[PDB]
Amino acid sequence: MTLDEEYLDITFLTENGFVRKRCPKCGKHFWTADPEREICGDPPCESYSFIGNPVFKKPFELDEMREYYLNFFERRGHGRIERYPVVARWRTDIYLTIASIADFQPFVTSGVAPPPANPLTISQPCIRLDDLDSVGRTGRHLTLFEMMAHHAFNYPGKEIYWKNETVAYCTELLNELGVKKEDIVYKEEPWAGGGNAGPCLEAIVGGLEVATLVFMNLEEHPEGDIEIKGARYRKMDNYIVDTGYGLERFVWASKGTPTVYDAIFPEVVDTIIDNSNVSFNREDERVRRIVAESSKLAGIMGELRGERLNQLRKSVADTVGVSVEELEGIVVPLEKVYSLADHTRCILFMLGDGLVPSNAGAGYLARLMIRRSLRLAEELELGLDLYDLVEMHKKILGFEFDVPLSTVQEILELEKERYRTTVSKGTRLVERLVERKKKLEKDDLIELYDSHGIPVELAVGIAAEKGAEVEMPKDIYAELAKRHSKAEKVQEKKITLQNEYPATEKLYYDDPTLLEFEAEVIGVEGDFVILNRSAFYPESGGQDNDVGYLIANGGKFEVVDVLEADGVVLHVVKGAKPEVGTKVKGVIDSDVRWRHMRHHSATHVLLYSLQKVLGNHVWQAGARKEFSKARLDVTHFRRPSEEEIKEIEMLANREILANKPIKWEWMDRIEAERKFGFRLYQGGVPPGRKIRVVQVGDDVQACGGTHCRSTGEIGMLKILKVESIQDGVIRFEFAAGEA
């Protein structure tokens, strides 16, 4: 069934007065229930029509509309669920939450795990950096926004509800708010993201897309069949209702203010204006008349650049009255007030949710937003600090964060200092480059941002200032952001044994002190001795590989190293190798095993201690292997002071001395997450319907390594070295129960 005929499947549209057309007006197919006319749509010929004339019954406040939407589906069988953080801790393919459906990928959407409820409803804060360049310009784009949704997870033979019920829900909700089906347009478009896709319907009312309804039955797979924005997708066994209603867009359509920004955080926009170099006044009836008429077309000209929006700029300039220049005398400065207002809000969530600024990973996106905000504040000569705007955003929303405003302030203050030094020597650097190249390219502006932290608009300006050939590239930030939106490709990859073997019976999971066992050689490839069951720990998780030997009716075969291949453990032996079928008595070296057990259990205690002392922004930076030393990398915005380090060590040793219990047991994912939160994935996200959960004291992680039985077995913990590997990442080298 093709995407096209996938829409001819929905009996709800035709049975409710909706007829399929194709204007063009965007050139796509769409469904309208209005018999009078079709020229309907969003981007090209419609424009906002609700500005000054709300389209909903009453004007809702952010929190009221949020509650109204959630209760609406709760009284319709949907289970309410709390938002997920904006940092995708539960996965490893993407850094931030780009859609509510992203909370449930890839384990729930693939069936590996069950959804929190079914069907469920939620208001998920999302971050869309790809819209960065249109923020503040179209009147409808934000970087951080809440996508309200109702999801239903269907499996073959078990359907909660599909397309008909989905579209019916959106119409009903809309109608109940004050919009008649005659004014609701459903445009057809494909939707993909996070590894899934499907045909979708965009709900367009008043010239604005307020929600999208996706019938998810496609999943990204190598042998893909469907082509959607570069990726290939095949039809899944499961199918999912994937909807998303923009809370801020609903509120905006309920107030009819000039822009979404004036609808969700007017205080912030006003404050910025009142404390900047804005040439106009937010009370003048004149200015108000200009913005209003311009706001109505924002959706059109906002999606254009160059000679494109250049003409519409004239259209509105005429109708309004004054010249194009006067128009730009307000719109352009406002585009920056709206962006700063928006960006400081996105910072609230990135920082409040645990992101630490850096030049790598998700931290890079945090630093990207902050630098751009610092640059916007500078252009406007903001009389307040970014922090002041963030705190304001915080009290308006009323949300609670893992990271307190206190730490947020500290981070923004340090970023501001780094930015100050960057710009100082950065101006000269670009002035110099202009004398040399006289023509700056897209890749030139890229290198300047990444290698010298120079804001693109700061470099494109100085260049033009010196009469240099250069022009603001399309989605340059989205381009920079896109280059840092997902986890890089780690070439540490798979080993494929020439023969298929039954998954090794790992014996170390249950008993960490089982150094001796009995097994049979069920295969031998090169140096890879393979048994049916073994206590030997393969080089993985956080601890290094075991070392020992296999005894049998043949002598003693020393195992020097141990890897693994898709479940089969490999015992590396050279020269005198066992005969496939021999029965052996494996003996693991006690010292090597205990050393790793202590240090690995210490890693947990240390991680727990680091968070308690430094703050909830502390998260394991990663374990990019090299086990020469016992090390732990974490996200922290500066070097720990000597007293903090002293305090980290002290707290860990009090935990060890307390000799708390260390436990482990296989647990279903949903059960684990519900009980321990996403702090469960600090060391990575493992696959499986059931994950091994380890509890070292009060720290809880999905871990597959061998640990001590109680924290007292770790021995004293001594921090031997604290180093700043890279901005936002600090390395702790330590010893546990030894030198």
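Note that residue numbering follows the sequence shown and begins at 1.
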Hey, which bit's got the bigger mean C-alpha B factor in the entry, 100-108 or 490-498?
490-498
So 332-340 or 508-516, which one's hotter by mean CA B-factor in the entry?
508-516
Which is it among 661, 115, 302, 157: the one with the largest CA B-factor in the entry?
302
Deposited CA B-factor, highest of 241, 88, 384, 468
468
Lowest, middle or highest third of the chain for the C-alpha temperature factor of residue 674?
middle
Please place residue 407 in the lowest, middle or highest third of its chain by C-alpha B factor as given in the entry.
lowest
Split the chain's modelled residues into thirds by Cα B-factor; is residue 557 in the lowest, middle or highest one?
highest
If you rank every modelled residue in this chain by C-alpha B factor, which third holds residue 668: lowest, middle or highest?
middle
If you rank the chain by CA B-factor, which third does residue 540 end up in: lowest, middle or highest?
highest
